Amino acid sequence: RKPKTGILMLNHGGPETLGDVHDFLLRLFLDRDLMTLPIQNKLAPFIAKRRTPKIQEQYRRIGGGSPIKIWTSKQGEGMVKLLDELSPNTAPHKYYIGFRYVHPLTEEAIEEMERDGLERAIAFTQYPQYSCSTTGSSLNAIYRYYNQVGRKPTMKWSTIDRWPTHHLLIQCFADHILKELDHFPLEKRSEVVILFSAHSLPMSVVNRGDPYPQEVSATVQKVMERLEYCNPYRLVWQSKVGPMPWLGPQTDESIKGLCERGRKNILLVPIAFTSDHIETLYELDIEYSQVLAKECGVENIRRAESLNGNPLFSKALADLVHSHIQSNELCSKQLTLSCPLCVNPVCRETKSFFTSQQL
């Protein structure tokens, strides 16, 4: 029977094959929301054509593409299965995948959602900690769609735009940390240094008032509270590119640094993503734990397992939708405040769209 409530799961692209790498980059270089370049429509097609081989090469290094869709899918099903039991008033629930930069694109998902004649649509960011350059970019795409199509939504909307401390999210991270610790030589357990590694931001974004760091930082505290401070930690940032200043310390430097100081047992915990992707399988596992770690003489370096197929995360997702629905909330309070320095007009419009929603 007919799907009633629709859960839009938002996330950035991940090219599924080396073939999709080009269009991936192209859509990436076109997003005003994440970068203004001179004469953008002209540069992007070229920058993409230029960086395709190297990225291809990275994906090939991890087996030939991104597993983002596969994990979102399974996490999706799990969510739906549970929601259909905890919230039966919301009839059958359906999940859709709105990726920013690869198919199914956000726009395509919305088309499919409209057509299934849903009663209510929920924008569920897959980013627990809110950045304008991630969740905001995804929220903007929804608004822009309806303002490009020219008509307007035939279903009522709302957003779960952040969830950096959801209790089951935290429990998942801790569980995966505990079990990653059990694989460390028992004589070295107490001595394991934990590095929470998050995708970095450029300072120019940080300095504009982006909430990301503060949220990532909360996530980190909650986790360590639950672990009862069993090991010393730091929060470090990865994936810097370019010559500009980014928020540090860089994860590559911290690993290198810790080593030189004789802290040679390191647990990497990727705390800002809910599944594997290039950042973990290439950046962390290959560039860092295999090349870097090696030439600095680490004793042991492990990476806590991405949430991926964990059934408990699947519960987490369901529990968030459920609560969101019951609470009748349209978005978080935080969404209703733009960053005291955006130069971007759509941020207000996009937030209007969610706070102005009927019901």
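Residue indices: 1-based, along the sequence shown.
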Please compare 87-95 with 70-78 and say which has the higher mean C-alpha temperature factor in the record.
87-95
Select between 266-274 and 279-287 the stretch whose C-alpha atoms have the higher average B-factor in the entry.
279-287
According to the Cα B-factor stored in this entry, which of the following is highest: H322, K42, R303, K315?
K42
Looking at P211, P185, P232, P104, which has the biggest Cα B factor in the entry?
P185
Name the third of the chain's ranked CA B-factors that contains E180, choosing lowest, middle or highest.
middle
For the chain shown, is the CA B-factor of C172 in the lowest, middle or highest third of its modelled residues?
middle
Grab the CA temperature factor for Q334 from the record and place it in the lowest, middle or highest third of its chain.
lowest
By the recorded C-alpha temperature factor, relative to the other modelled residues in its chain, which third is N147 in?
highest
Classify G117 as lowest, middle or highest third according to the C-alpha B-factor given in the PDB entry, relative to its own chain.
highest
